[PDB]
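Shown below: final_35.pdb, with PDB, C-alpha atoms (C1' of nucleotides).
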```
ATOM      1  CA  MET A   1       8.944 -12.126 -30.192  1.00  0.00           C
ATOM      2  CA  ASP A   2       6.548 -12.742 -33.069  1.00  0.00           C
ATOM      3  CA  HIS A   3       8.794 -14.937 -35.239  1.00  0.00           C
ATOM      4  CA  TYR A   4      10.096 -18.381 -34.344  1.00  0.00           C
ATOM      5  CA  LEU A   5      12.343 -21.024 -35.874  1.00  0.00           C
ATOM      6  CA  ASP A   6      12.056 -24.682 -34.920  1.00  0.00           C
ATOM      7  CA  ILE A   7      15.272 -26.712 -35.048  1.00  0.00           C
ATOM      8  CA  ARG A   8      14.794 -30.468 -34.716  1.00  0.00           C
ATOM      9  CA  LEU A   9      17.551 -33.007 -34.165  1.00  0.00           C
ATOM     10  CA  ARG A  10      17.752 -35.672 -36.770  1.00  0.00           C
ATOM     11  CA  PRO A  11      18.130 -39.098 -35.138  1.00  0.00           C
ATOM     12  CA  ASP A  12      21.689 -40.311 -35.462  1.00  0.00           C
ATOM     13  CA  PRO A  13      23.115 -43.822 -35.129  1.00  0.00           C
ATOM     14  CA  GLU A  14      26.260 -42.549 -33.470  1.00  0.00           C
ATOM     15  CA  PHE A  15      25.027 -39.846 -31.093  1.00  0.00           C
ATOM     16  CA  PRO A  16      22.322 -39.574 -28.441  1.00  0.00           C
ATOM     17  CA  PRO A  17      19.929 -36.615 -28.667  1.00  0.00           C
ATOM     18  CA  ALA A  18      21.328 -35.050 -25.489  1.00  0.00           C
ATOM     19  CA  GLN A  19      24.848 -34.792 -26.932  1.00  0.00           C
ATOM     20  CA  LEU A  20      23.658 -33.141 -30.146  1.00  0.00           C
ATOM     21  CA  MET A  21      21.341 -30.955 -28.058  1.00  0.00           C
ATOM     22  CA  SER A  22      24.314 -29.744 -26.016  1.00  0.00           C
ATOM     23  CA  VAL A  23      26.445 -29.106 -29.108  1.00  0.00           C
ATOM     24  CA  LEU A  24      23.621 -27.161 -30.774  1.00  0.00           C
ATOM     25  CA  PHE A  25      23.114 -25.140 -27.592  1.00  0.00           C
ATOM     26  CA  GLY A  26      26.830 -24.380 -27.406  1.00  0.00           C
ATOM     27  CA  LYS A  27      27.093 -23.203 -31.010  1.00  0.00           C
ATOM     28  CA  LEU A  28      23.914 -21.181 -30.415  1.00  0.00           C
ATOM     29  CA  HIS A  29      25.534 -19.492 -27.419  1.00  0.00           C
ATOM     30  CA  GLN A  30      28.612 -18.657 -29.504  1.00  0.00           C
ATOM     31  CA  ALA A  31      26.283 -17.290 -32.197  1.00  0.00           C
ATOM     32  CA  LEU A  32      24.571 -15.052 -29.645  1.00  0.00           C
ATOM     33  CA  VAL A  33      27.911 -13.712 -28.401  1.00  0.00           C
ATOM     34  CA  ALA A  34      28.887 -13.109 -32.037  1.00  0.00           C
ATOM     35  CA  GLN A  35      25.601 -11.281 -32.646  1.00  0.00           C
ATOM     36  CA  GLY A  36      25.270  -9.531 -29.304  1.00  0.00           C
ATOM     37  CA  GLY A  37      22.049  -8.071 -27.988  1.00  0.00           C
ATOM     38  CA  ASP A  38      19.383  -9.296 -25.570  1.00  0.00           C
ATOM     39  CA  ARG A  39      16.546  -9.793 -28.063  1.00  0.00           C
ATOM     40  CA  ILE A  40      16.818 -13.527 -28.827  1.00  0.00           C
ATOM     41  CA  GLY A  41      15.370 -16.282 -26.643  1.00  0.00           C
ATOM     42  CA  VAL A  42      14.875 -20.056 -26.913  1.00  0.00           C
ATOM     43  CA  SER A  43      12.351 -22.727 -25.937  1.00  0.00           C
ATOM     44  CA  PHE A  44      12.073 -26.525 -25.942  1.00  0.00           C
ATOM     45  CA  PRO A  45       8.713 -27.704 -27.314  1.00  0.00           C
ATOM     46  CA  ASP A  46       8.837 -31.455 -26.598  1.00  0.00           C
ATOM     47  CA  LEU A  47      10.029 -31.065 -22.993  1.00  0.00           C
ATOM     48  CA  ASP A  48       9.167 -33.916 -20.620  1.00  0.00           C
ATOM     49  CA  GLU A  49       8.948 -32.779 -16.995  1.00  0.00           C
ATOM     50  CA  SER A  50       8.342 -36.351 -15.815  1.00  0.00           C
ATOM     51  CA  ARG A  51      11.626 -37.839 -17.064  1.00  0.00           C
ATOM     52  CA  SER A  52      13.527 -34.484 -17.112  1.00  0.00           C
ATOM     53  CA  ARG A  53      14.041 -34.561 -20.884  1.00  0.00           C
ATOM     54  CA  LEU A  54      14.456 -31.620 -23.265  1.00  0.00           C
ATOM     55  CA  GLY A  55      13.110 -33.522 -26.261  1.00  0.00           C
ATOM     56  CA  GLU A  56      14.675 -33.125 -29.683  1.00  0.00           C
ATOM     57  CA  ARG A  57      13.410 -29.672 -30.707  1.00  0.00           C
ATOM     58  CA  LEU A  58      14.802 -26.216 -30.029  1.00  0.00           C
ATOM     59  CA  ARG A  59      12.565 -23.240 -30.768  1.00  0.00           C
ATOM     60  CA  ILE A  60      14.470 -19.951 -31.060  1.00  0.00           C
ATOM     61  CA  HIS A  61      12.447 -16.721 -30.781  1.00  0.00           C
ATOM     62  CA  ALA A  62      13.590 -13.490 -32.447  1.00  0.00           C
ATOM     63  CA  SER A  63      12.767 -11.030 -35.224  1.00  0.00           C
ATOM     64  CA  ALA A  64      12.627 -12.237 -38.809  1.00  0.00           C
ATOM     65  CA  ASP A  65      15.880 -10.580 -39.925  1.00  0.00           C
ATOM     66  CA  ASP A  66      17.702 -12.056 -36.911  1.00  0.00           C
ATOM     67  CA  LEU A  67      16.489 -15.553 -37.793  1.00  0.00           C
ATOM     68  CA  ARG A  68      17.429 -15.155 -41.465  1.00  0.00           C
ATOM     69  CA  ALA A  69      20.858 -13.886 -40.408  1.00  0.00           C
ATOM     70  CA  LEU A  70      21.270 -16.899 -38.127  1.00  0.00           C
ATOM     71  CA  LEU A  71      20.341 -19.307 -40.929  1.00  0.00           C
ATOM     72  CA  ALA A  72      23.369 -18.350 -43.042  1.00  0.00           C
ATOM     73  CA  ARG A  73      26.085 -17.934 -40.415  1.00  0.00           C
ATOM     74  CA  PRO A  74      28.941 -20.394 -39.720  1.00  0.00           C
ATOM     75  CA  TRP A  75      27.475 -21.362 -36.323  1.00  0.00           C
ATOM     76  CA  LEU A  76      25.546 -24.091 -38.153  1.00  0.00           C
ATOM     77  CA  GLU A  77      28.539 -25.272 -40.205  1.00  0.00           C
ATOM     78  CA  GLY A  78      29.169 -28.900 -39.315  1.00  0.00           C
ATOM     79  CA  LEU A  79      25.724 -29.204 -37.708  1.00  0.00           C
ATOM     80  CA  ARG A  80      23.640 -29.020 -40.881  1.00  0.00           C
ATOM     81  CA  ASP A  81      23.679 -32.782 -41.440  1.00  0.00           C
ATOM     82  CA  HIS A  82      22.560 -33.517 -37.876  1.00  0.00           C
ATOM     83  CA  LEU A  83      19.627 -31.094 -37.988  1.00  0.00           C
ATOM     84  CA  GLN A  84      16.623 -30.169 -40.082  1.00  0.00           C
ATOM     85  CA  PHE A  85      15.214 -26.652 -40.258  1.00  0.00           C
ATOM     86  CA  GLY A  86      11.734 -25.296 -40.614  1.00  0.00           C
ATOM     87  CA  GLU A  87      11.119 -21.802 -41.789  1.00  0.00           C
ATOM     88  CA  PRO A  88      11.255 -18.604 -39.712  1.00  0.00           C
ATOM     89  CA  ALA A  89       7.516 -18.251 -39.258  1.00  0.00           C
ATOM     90  CA  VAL A  90       5.045 -16.193 -37.261  1.00  0.00           C
ATOM     91  CA  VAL A  91       3.964 -17.534 -33.847  1.00  0.00           C
ATOM     92  CA  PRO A  92       0.328 -18.713 -33.828  1.00  0.00           C
ATOM     93  CA  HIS A  93      -2.081 -16.901 -31.560  1.00  0.00           C
ATOM     94  CA  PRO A  94      -3.235 -17.186 -28.794  1.00  0.00           C
ATOM     95  CA  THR A  95      -0.480 -18.911 -26.776  1.00  0.00           C
ATOM     96  CA  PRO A  96       0.473 -18.929 -23.091  1.00  0.00           C
ATOM     97  CA  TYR A  97       3.828 -17.488 -22.098  1.00  0.00           C
ATOM     98  CA  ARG A  98       6.538 -18.813 -19.797  1.00  0.00           C
ATOM     99  CA  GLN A  99      10.087 -17.962 -18.785  1.00  0.00           C
ATOM    100  CA  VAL A 100      13.217 -19.956 -19.655  1.00  0.00           C
ATOM    101  CA  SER A 101      15.749 -19.278 -16.922  1.00  0.00           C
ATOM    102  CA  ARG A 102      18.913 -21.064 -15.868  1.00  0.00           C
ATOM    103  CA  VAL A 103      18.764 -22.536 -12.363  1.00  0.00           C
ATOM    104  CA  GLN A 104      22.131 -22.774 -10.621  1.00  0.00           C
ATOM    105  CA  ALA A 105      22.667 -24.547  -7.309  1.00  0.00           C
ATOM    106  CA  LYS A 106      25.056 -24.958  -4.394  1.00  0.00           C
ATOM    107  CA  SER A 107      26.009 -28.481  -5.479  1.00  0.00           C
ATOM    108  CA  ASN A 108      29.626 -28.121  -4.275  1.00  0.00           C
ATOM    109  CA  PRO A 109      29.841 -27.362  -0.538  1.00  0.00           C
ATOM    110  CA  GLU A 110      33.645 -27.338  -0.769  1.00  0.00           C
ATOM    111  CA  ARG A 111      33.552 -24.497  -3.303  1.00  0.00           C
ATOM    112  CA  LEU A 112      31.434 -22.449  -0.894  1.00  0.00           C
ATOM    113  CA  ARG A 113      33.911 -23.375   1.842  1.00  0.00           C
ATOM    114  CA  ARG A 114      36.720 -21.953  -0.304  1.00  0.00           C
ATOM    115  CA  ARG A 115      34.609 -18.841  -0.909  1.00  0.00           C
ATOM    116  CA  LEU A 116      34.161 -18.414   2.857  1.00  0.00           C
ATOM    117  CA  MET A 117      37.932 -18.826   3.245  1.00  0.00           C
ATOM    118  CA  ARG A 118      38.477 -16.113   0.647  1.00  0.00           C
ATOM    119  CA  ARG A 119      35.926 -13.703   2.136  1.00  0.00           C
ATOM    120  CA  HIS A 120      36.286 -14.222   5.900  1.00  0.00           C
ATOM    121  CA  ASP A 121      39.879 -15.570   6.329  1.00  0.00           C
ATOM    122  CA  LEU A 122      38.564 -18.649   8.144  1.00  0.00           C
ATOM    123  CA  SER A 123      40.073 -22.129   8.327  1.00  0.00           C
ATOM    124  CA  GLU A 124      39.056 -25.465   6.840  1.00  0.00           C
ATOM    125  CA  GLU A 125      37.408 -26.676  10.047  1.00  0.00           C
ATOM    126  CA  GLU A 126      35.620 -23.345  10.547  1.00  0.00           C
ATOM    127  CA  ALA A 127      34.251 -23.518   7.003  1.00  0.00           C
ATOM    128  CA  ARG A 128      33.292 -27.179   7.366  1.00  0.00           C
ATOM    129  CA  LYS A 129      31.449 -26.492  10.621  1.00  0.00           C
ATOM    130  CA  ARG A 130      29.857 -23.355   9.146  1.00  0.00           C
ATOM    131  CA  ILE A 131      28.999 -25.181   5.898  1.00  0.00           C
ATOM    132  CA  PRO A 132      28.026 -28.839   6.432  1.00  0.00           C
ATOM    133  CA  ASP A 133      27.546 -31.380   3.672  1.00  0.00           C
ATOM    134  CA  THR A 134      23.732 -31.229   3.753  1.00  0.00           C
ATOM    135  CA  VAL A 135      23.451 -27.913   1.864  1.00  0.00           C
ATOM    136  CA  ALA A 136      24.037 -29.576  -1.524  1.00  0.00           C
ATOM    137  CA  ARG A 137      21.010 -29.366  -3.823  1.00  0.00           C
ATOM    138  CA  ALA A 138      20.404 -31.964  -6.534  1.00  0.00           C
ATOM    139  CA  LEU A 139      18.039 -30.819  -9.264  1.00  0.00           C
ATOM    140  CA  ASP A 140      15.218 -32.664 -11.020  1.00  0.00           C
ATOM    141  CA  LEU A 141      15.747 -30.545 -14.111  1.00  0.00           C
ATOM    142  CA  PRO A 142      16.821 -31.403 -17.642  1.00  0.00           C
ATOM    143  CA  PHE A 143      20.172 -29.963 -18.597  1.00  0.00           C
ATOM    144  CA  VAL A 144      22.749 -29.419 -21.326  1.00  0.00           C
ATOM    145  CA  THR A 145      26.477 -29.947 -20.790  1.00  0.00           C
ATOM    146  CA  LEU A 146      28.712 -27.181 -22.121  1.00  0.00           C
ATOM    147  CA  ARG A 147      32.436 -26.523 -22.124  1.00  0.00           C
ATOM    148  CA  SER A 148      33.608 -22.978 -21.535  1.00  0.00           C
ATOM    149  CA  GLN A 149      36.137 -21.248 -23.767  1.00  0.00           C
ATOM    150  CA  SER A 150      37.298 -18.702 -21.191  1.00  0.00           C
ATOM    151  CA  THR A 151      37.865 -21.215 -18.409  1.00  0.00           C
ATOM    152  CA  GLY A 152      38.615 -24.899 -18.890  1.00  0.00           C
ATOM    153  CA  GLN A 153      35.635 -26.425 -17.114  1.00  0.00           C
ATOM    154  CA  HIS A 154      32.652 -28.468 -18.271  1.00  0.00           C
ATOM    155  CA  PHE A 155      29.379 -27.577 -16.582  1.00  0.00           C
ATOM    156  CA  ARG A 156      25.813 -28.828 -16.606  1.00  0.00           C
ATOM    157  CA  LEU A 157      23.505 -25.906 -17.371  1.00  0.00           C
ATOM    158  CA  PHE A 158      20.178 -26.829 -15.808  1.00  0.00           C
ATOM    159  CA  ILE A 159      17.043 -25.370 -17.357  1.00  0.00           C
ATOM    160  CA  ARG A 160      13.584 -24.779 -15.886  1.00  0.00           C
ATOM    161  CA  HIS A 161      10.664 -23.621 -18.006  1.00  0.00           C
ATOM    162  CA  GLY A 162       8.597 -21.326 -15.824  1.00  0.00           C
ATOM    163  CA  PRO A 163       4.871 -21.361 -15.156  1.00  0.00           C
ATOM    164  CA  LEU A 164       2.447 -20.542 -17.947  1.00  0.00           C
ATOM    165  CA  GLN A 165       1.324 -16.913 -18.016  1.00  0.00           C
ATOM    166  CA  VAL A 166      -1.407 -15.554 -20.251  1.00  0.00           C
ATOM    167  CA  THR A 167       0.688 -12.553 -21.334  1.00  0.00           C
ATOM    168  CA  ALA A 168       4.302 -11.547 -21.794  1.00  0.00           C
ATOM    169  CA  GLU A 169       6.284  -8.782 -20.123  1.00  0.00           C
ATOM    170  CA  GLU A 170       9.314  -6.816 -21.251  1.00  0.00           C
ATOM    171  CA  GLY A 171      12.692  -8.325 -20.475  1.00  0.00           C
ATOM    172  CA  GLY A 172      16.005  -9.099 -22.043  1.00  0.00           C
ATOM    173  CA  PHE A 173      17.778 -12.391 -22.640  1.00  0.00           C
ATOM    174  CA  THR A 174      21.324 -13.515 -22.002  1.00  0.00           C
ATOM    175  CA  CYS A 175      23.761 -14.758 -24.659  1.00  0.00           C
ATOM    176  CA  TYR A 176      22.442 -18.287 -24.033  1.00  0.00           C
ATOM    177  CA  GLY A 177      18.935 -17.469 -25.252  1.00  0.00           C
ATOM    178  CA  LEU A 178      17.670 -17.691 -21.693  1.00  0.00           C
ATOM    179  CA  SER A 179      15.305 -15.481 -19.741  1.00  0.00           C
ATOM    180  CA  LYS A 180      16.762 -12.533 -17.864  1.00  0.00           C
ATOM    181  CA  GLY A 181      13.212 -11.221 -17.672  1.00  0.00           C
ATOM    182  CA  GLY A 182      11.973 -11.936 -21.170  1.00  0.00           C
ATOM    183  CA  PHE A 183       9.198 -14.366 -22.036  1.00  0.00           C
ATOM    184  CA  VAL A 184       8.676 -16.619 -25.041  1.00  0.00           C
ATOM    185  CA  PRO A 185       5.372 -17.883 -26.487  1.00  0.00           C
ATOM    186  CA  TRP A 186       4.825 -21.506 -25.510  1.00  0.00           C
ATOM    187  CA  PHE A 187       3.220 -23.670 -28.189  1.00  0.00           C
TER     188      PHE A 187
ATOM    189  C1'   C B   1      -7.772 -80.314  19.162  1.00  0.00           C
ATOM    190  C1'   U B   2      -0.739 -82.600  16.897  1.00  0.00           C
ATOM    191  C1'   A B   3       2.085 -91.317  19.877  1.00  0.00           C
ATOM    192  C1'   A B   4      -1.599 -85.016  22.872  1.00  0.00           C
ATOM    193  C1'   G B   5      -0.451 -83.116  27.720  1.00  0.00           C
ATOM    194  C1'   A B   6       5.051 -83.143  31.923  1.00  0.00           C
ATOM    195  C1'   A B   7      10.601 -83.255  32.978  1.00  0.00           C
ATOM    196  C1'   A B   8      17.902 -80.118  35.979  1.00  0.00           C
ATOM    197  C1'   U B   9      22.629 -85.628  34.237  1.00  0.00           C
ATOM    198  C1'   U B  10      26.244 -83.931  37.831  1.00  0.00           C
ATOM    199  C1'   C B  11      29.844 -83.470  41.388  1.00  0.00           C
ATOM    200  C1'   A B  12      35.968 -84.593  40.964  1.00  0.00           C
ATOM    201  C1'   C B  13      40.298 -85.910  37.767  1.00  0.00           C
ATOM    202  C1'   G B  14      48.503 -85.470  35.802  1.00  0.00           C
ATOM    203  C1'   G B  15      48.162 -89.572  29.685  1.00  0.00           C
ATOM    204  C1'   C B  16      54.201 -89.453  29.831  1.00  0.00           C
ATOM    205  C1'   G B  17      58.063 -92.280  29.575  1.00  0.00           C
ATOM    206  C1'   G B  18      61.620 -93.682  24.849  1.00  0.00           C
ATOM    207  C1'   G B  19      62.974 -93.862  19.694  1.00  0.00           C
ATOM    208  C1'   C B  20      68.043 -93.338  12.779  1.00  0.00           C
ATOM    209  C1'   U B  21      62.269 -94.816   8.349  1.00  0.00           C
ATOM    210  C1'   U B  22      66.114 -96.089   4.806  1.00  0.00           C
ATOM    211  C1'   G B  23      69.156 -97.457   0.150  1.00  0.00           C
ATOM    212  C1'   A B  24      68.224 -96.809  -5.851  1.00  0.00           C
ATOM    213  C1'   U B  25      65.962 -94.213 -10.211  1.00  0.00           C
ATOM    214  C1'   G B  26      65.899 -91.231 -18.021  1.00  0.00           C
ATOM    215  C1'   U B  27      59.156 -88.982 -18.020  1.00  0.00           C
ATOM    216  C1'   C B  28      59.016 -88.500 -23.422  1.00  0.00           C
ATOM    217  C1'   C B  29      58.314 -88.400 -28.480  1.00  0.00           C
ATOM    218  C1'   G B  30      54.379 -84.706 -31.622  1.00  0.00           C
ATOM    219  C1'   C B  31      51.295 -80.380 -32.350  1.00  0.00           C
ATOM    220  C1'   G B  32      48.100 -73.821 -36.638  1.00  0.00           C
ATOM    221  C1'   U B  33      43.737 -71.776 -31.247  1.00  0.00           C
ATOM    222  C1'   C B  34      41.378 -68.844 -35.020  1.00  0.00           C
ATOM    223  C1'   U B  35      37.478 -65.301 -36.641  1.00  0.00           C
ATOM    224  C1'   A B  36      34.630 -60.029 -35.680  1.00  0.00           C
ATOM    225  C1'   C B  37      33.760 -55.946 -32.639  1.00  0.00           C
ATOM    226  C1'   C B  38      31.623 -47.670 -31.171  1.00  0.00           C
ATOM    227  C1'   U B  39      33.113 -48.016 -24.101  1.00  0.00           C
ATOM    228  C1'   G B  40      29.772 -44.228 -24.381  1.00  0.00           C
ATOM    229  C1'   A B  41      25.471 -44.122 -21.687  1.00  0.00           C
ATOM    230  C1'   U B  42      24.301 -35.586 -21.149  1.00  0.00           C
ATOM    231  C1'   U B  43      28.821 -39.947 -17.096  1.00  0.00           C
ATOM    232  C1'   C B  44      33.544 -33.417 -15.725  1.00  0.00           C
ATOM    233  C1'   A B  45      26.841 -31.610 -10.773  1.00  0.00           C
ATOM    234  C1'   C B  46      33.007 -27.829 -12.313  1.00  0.00           C
ATOM    235  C1'   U B  47      35.414 -23.024 -11.660  1.00  0.00           C
ATOM    236  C1'   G B  48      34.388 -18.390  -9.716  1.00  0.00           C
ATOM    237  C1'   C B  49      31.555 -13.728  -8.683  1.00  0.00           C
ATOM    238  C1'   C B  50      27.535 -10.419  -5.706  1.00  0.00           C
ATOM    239  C1'   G B  51      25.841 -11.020  -0.880  1.00  0.00           C
ATOM    240  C1'   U B  52      27.428 -10.924   6.472  1.00  0.00           C
ATOM    241  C1'   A B  53      25.217 -15.418   5.133  1.00  0.00           C
ATOM    242  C1'   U B  54      25.200 -21.645   4.834  1.00  0.00           C
ATOM    243  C1'   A B  55      19.385 -17.307   2.691  1.00  0.00           C
ATOM    244  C1'   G B  56      19.085 -16.156  -2.305  1.00  0.00           C
ATOM    245  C1'   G B  57      20.986 -14.841  -7.056  1.00  0.00           C
ATOM    246  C1'   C B  58      24.737 -14.408 -11.091  1.00  0.00           C
ATOM    247  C1'   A B  59      28.806 -15.490 -14.886  1.00  0.00           C
ATOM    248  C1'   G B  60      31.064 -19.195 -18.483  1.00  0.00           C
TER     249        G B  60
END
```
Show me, as structure tokens, the structure contained in the file I just sent.
Amino acid sequence: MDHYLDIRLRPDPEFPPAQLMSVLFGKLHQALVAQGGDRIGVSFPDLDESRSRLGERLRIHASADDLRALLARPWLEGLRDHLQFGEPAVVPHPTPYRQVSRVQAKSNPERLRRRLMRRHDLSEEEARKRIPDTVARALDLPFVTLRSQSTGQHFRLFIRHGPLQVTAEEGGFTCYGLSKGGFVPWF
RNA sequence: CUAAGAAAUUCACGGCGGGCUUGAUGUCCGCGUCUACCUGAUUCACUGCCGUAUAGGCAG
């Protein structure tokens, strides 16, 4: 999109930036379910690939009316004293483009064993011989930790910012602001 | 370039027999331990779905 809003974490004595980053991402996800649509995507400008850090900025990309609607909604109630806003402003030009997609992994071999039990009626030893322990993949990606409201689990949502492309293509976003095809301007 | 330079201790073996340690006993007065704290560092790498798949994706 052509408009962006930069949301920076204020430094807090009581909270690390990753905790406030996760809470802001969670309330943003609830705001995108409350809004609907696939037109709104996010980006993390001070990302550090070396230490796997998301920084302390979130850059949301949408139209201008969407950003001005999201300024005055109750998804920022309780977070306004931990954050500072810029203005919804036009993206500078030219900028490279990159994708912001969630990267899931097979980090629980036992869950895949239970899936093979449910789909092939096998046993525990058949699943453990068919799925060994070496298939687990640990990620060198920064992440936010959310709690679901439908189910009662807490999960690390790992994020990877894709390679820089000189142009953007058409694609929608999920209700997490993440790329299901769409691209955001990286600056 | 060394008080340098060298070196086979080893064959065999019955330690056992016997025994009353005993009497007696006042530990004991007295006592101000206080003061003040972020356990949270992403610290719950989870649950499930599509797929024949462990290959690869997806959902919260």
Once the PyMOL selection byres ((chain A and resi 155-170) around 7) is applied to the coordinates I shared, what remains selected? I want it as a PDB file with C-alpha atoms (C1' of nucleotides), in the coordinates of the input.
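What ended up in out_8.pdb:
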```
ATOM      1  CA  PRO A  96       0.473 -18.929 -23.091  1.00  0.00           C
ATOM      2  CA  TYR A  97       3.828 -17.488 -22.098  1.00  0.00           C
ATOM      3  CA  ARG A  98       6.538 -18.813 -19.797  1.00  0.00           C
ATOM      4  CA  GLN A  99      10.087 -17.962 -18.785  1.00  0.00           C
ATOM      5  CA  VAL A 100      13.217 -19.956 -19.655  1.00  0.00           C
ATOM      6  CA  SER A 101      15.749 -19.278 -16.922  1.00  0.00           C
ATOM      7  CA  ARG A 102      18.913 -21.064 -15.868  1.00  0.00           C
ATOM      8  CA  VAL A 103      18.764 -22.536 -12.363  1.00  0.00           C
ATOM      9  CA  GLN A 104      22.131 -22.774 -10.621  1.00  0.00           C
ATOM     10  CA  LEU A 141      15.747 -30.545 -14.111  1.00  0.00           C
ATOM     11  CA  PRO A 142      16.821 -31.403 -17.642  1.00  0.00           C
ATOM     12  CA  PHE A 143      20.172 -29.963 -18.597  1.00  0.00           C
ATOM     13  CA  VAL A 144      22.749 -29.419 -21.326  1.00  0.00           C
ATOM     14  CA  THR A 145      26.477 -29.947 -20.790  1.00  0.00           C
ATOM     15  CA  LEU A 146      28.712 -27.181 -22.121  1.00  0.00           C
ATOM     16  CA  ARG A 147      32.436 -26.523 -22.124  1.00  0.00           C
ATOM     17  CA  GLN A 153      35.635 -26.425 -17.114  1.00  0.00           C
ATOM     18  CA  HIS A 154      32.652 -28.468 -18.271  1.00  0.00           C
ATOM     19  CA  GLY A 171      12.692  -8.325 -20.475  1.00  0.00           C
ATOM     20  CA  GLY A 181      13.212 -11.221 -17.672  1.00  0.00           C
ATOM     21  CA  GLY A 182      11.973 -11.936 -21.170  1.00  0.00           C
ATOM     22  CA  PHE A 183       9.198 -14.366 -22.036  1.00  0.00           C
TER      23      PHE A 183
ATOM     24  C1'   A B  45      26.841 -31.610 -10.773  1.00  0.00           C
ATOM     25  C1'   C B  46      33.007 -27.829 -12.313  1.00  0.00           C
TER      26        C B  46
END
```
Listing only residues of chain B within 8 Å of chain A, what is the closest atom pair and its distance in Å (to one decimal) for each, using all atoms listed in the file, sorted by chain and residue number ascending, as a tab-separated table?
```
residue	atom	partner	partner_atom	distance
B:38	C1'	A:14	CA	7.8
B:42	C1'	A:18	CA	5.3
B:44	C1'	A:154	CA	5.6
B:45	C1'	A:107	CA	6.2
B:46	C1'	A:155	CA	5.6
B:47	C1'	A:153	CA	6.4
B:54	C1'	A:131	CA	5.3
B:60	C1'	A:148	CA	5.5
```
Resolved residues for the PyMOL selection byres ((chain A and resi 178) around 8) as a VMD selection string
chain A and resid 41 to 42 100 to 102 173 to 177 179 to 180
Which residues fall under the PyMOL selection byres ((chain A and resi 36) around 12) in this file, as number ranges by chain?
A: 28-35, 37-40, 66, 172-177
Correct to one decimal, the distance CA of residue 88 in chain A-CA of residue 69 in chain A is 10.7 Å
Where's the centre, and what are the edge lengths in Å to one decimal, of a box along x, y and z enclosing all listed atoms of range 25-40 of chain B padded 6 Å per side, as JSON?
```
{"center_x": 47.9, "center_y": -69.2, "center_z": -23.4, "size_x": 48.2, "size_y": 62.0, "size_z": 38.4}
```
Would you compute the distance between CA of residue 27 in chain A and CA of residue 58 in chain A? Give it in Å to one decimal.
12.7 Å
Take CA of residue 186 in chain A and CA of residue 51 in chain A and report the distance between them in Å, one decimal.
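Atom-to-atom, CA of residue 186 in chain A and CA of residue 51 in chain A are spaced 19.6 Å apart.
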Which residue of B:56, B:48, B:32, B:23 approaches residue 114 in chain A most closely, using all atoms listed in the file
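Selected residue with least distance to residue 114 in chain A: B:48.
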